[PDB]
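1. this one is an experimental structure. Sequence first:
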Amino acid sequence: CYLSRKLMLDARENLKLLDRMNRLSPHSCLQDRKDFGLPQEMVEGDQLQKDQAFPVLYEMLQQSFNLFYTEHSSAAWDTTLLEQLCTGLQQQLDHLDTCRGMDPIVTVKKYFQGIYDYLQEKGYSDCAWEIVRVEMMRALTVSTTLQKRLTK
């Protein structure tokens, strides 16, 4: 796709924004353990067809955007980083769509459902969110490695 390189630059910039916001997080929440069962497997061995890679990456990003959009819907009044991250994720989704013309996808949807359920069971607390954003650094990292495969 003519946006291959642009897509990798979108990913790198979203990862940068998410890392910076996590590092500036005003909370000293406890690193107290937590596992979200991210199917890292997908891109760790490239165990999927290209026609399967694309829909899985698109789902990862759409869900990532929905989640940060929801965080934004309730974050502090001027969290400019969160806004930029949402904007950068939407931009990446738009580029992937320009490039356009279920089991693994279901596995992604379950992973993200476990995220919302965790947020729900914690009443969307400030620390429930810091924990989820650190997990999101993992989800965005694996989806970036997958995007590379579709690219390279």
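-> Arrived safely, thanks for sending. Numbering: from 1, shown residues only.

2. just give the closest residue to residue 21, not the sequence neighbours.
-> residue 81 (4.3 Å; C-beta to C-beta, 6 or more residues apart in numbering). For the C-beta atoms, the positions are set from N, CA and C on the backbone; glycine is no exception.

3. got the contact list for the closest residue to residue 12 other than its chain neighbours?
-> Of all residues not flanking residue 12 in the chain, residue 144 sits nearest, at 7.5 Å (C-beta to C-beta, 6+ apart). Going by C-beta atoms under 8 Å, 6 or more residues apart in numbering, residue 144 touches 8, 11, 12, 15.

4. which one among these gets closest to residue 122?
-> Nearest to residue 122 among those is residue 15, at 24.9 Å by C-beta to C-beta.

5. the closest one: neighbour count?
-> 18 (other C-beta atoms under 10 Å).

6. that one: which element?
-> helix 4-23 (DSSP states H and E).

7. which strands and helices sit next to that helix?
-> Using 3 or more C-beta pairs under 8 Å, 6 or more residues apart in numbering; DSSP states H and E, the elements in contact with helix 4-23 are helix 80-99, helix 126-151.

8. any figure for the gap between residue 99 and residue 67?
-> Relative to residue 67, residue 99 is positioned 23 Å away (C-beta to C-beta, to the nearest Å).

9. these two - which one has more neighbours?
-> Neighbours were counted for residue 99 and for residue 67 using other C-beta under 10 Å; residue 67 has more, 21 against 17.
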